[PDB]
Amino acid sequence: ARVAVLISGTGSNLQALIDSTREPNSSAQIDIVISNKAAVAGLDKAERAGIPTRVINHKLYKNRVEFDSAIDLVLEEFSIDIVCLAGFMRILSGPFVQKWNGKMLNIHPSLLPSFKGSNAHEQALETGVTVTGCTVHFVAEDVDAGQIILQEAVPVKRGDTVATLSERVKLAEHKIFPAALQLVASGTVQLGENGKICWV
């Protein structure tokens, strides 16, 4: 399966996907990395790995639909089968999401359905949970509501900050994102016609 990884920043999840997809038994290959932001570290990681990069500045488009259309053009250019959102921080339009339904994965740094949104660690810390975690899910139009593929719990330690908690949770993200990608790319897991996860 041919994979695009979309990023907005550091790219530690991208690096874990690069590492995993290069193992001999990987059913996935990363053929393109797309960033909505220029000069971010994830682009360095991609180039260093010899993977093509494209920057699609969302700041240059009239609306969300036109921006997503620009992404989709690149996806078609590289004959992509599966899209991974790896620290990509844009909400995607309905039509784009529906086109890639069952073929697009996202990593989220909470145990969904808790703490949806862009500041999950802040929320977890404010709420006072002692267990948080991360989630890989299929992307549906409703943000962070798509079908869950894998999750891993991570303890919150007393005195944790966003800095220390995100660091601990990223270790788990780097485990379950590659595992989830391999499940989907191998055809082991798919989105069911009833819209529920199907383990083949």
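Between two forms, the rigid core is the largest collection of C-alphas that superpose within 1.5 Å. The first residue of the sequence shown is number 1, and the count goes up from there.
Do the Cα atoms of 77-85 stray more than those of 125-133 in 8 other deposited structures of this protein, or is it the other way round, with the core held fixed? Evaluated in 8 other deposited structures of this protein, the stretch farther from the shown form is 125-133.
Out of 174-182 and 9-17, which shows the greater rigid core-aligned C-alpha deviation in 8 other deposited structures of this protein? Relative to the shown form, the greater RMS C-alpha distance in 8 other deposited structures of this protein belongs to 9-17.
Comparing 61-69 with 152-160, which has the greater mean CA B-factor as deposited? Going by the record's values, the stretch with the higher mean is 61-69.
Which of 114-122 and 74-82 has higher mean CA B factor, as the PDB entry lists it: According to the PDB entry, the answer is 74-82.
Peak C-alpha temperature factor (PDB record), options 172, 51, 38, 28: Answer for 172, 51, 38, 28: 38, with the highest C-alpha B-factor.
In terms of CA temperature factor as recorded, identify the highest of 46, 139, 165, 134. Each of 46, 139, 165, 134 was compared by C-alpha B-factor; the highest is 46.
Assigned third (lowest, middle, highest) for the C-alpha B factor of residue 93: Highest third.
Chain-relative CA temperature factor third for residue 103: Residue 103: CA B-factor falls in the middle third of its chain.
Relative to the other modelled residues of the same chain, rank the CA B-factor of residue 181 and answer lowest, middle or highest third. Lowest third - that is where residue 181 ends up once the chain's C-alpha B-factors are sorted.
Residue 192 by Cα B-factor - lowest, middle or highest third of the modelled chain: Within its chain, residue 192 is a highest-third residue by C-alpha B-factor, going by the deposited values.
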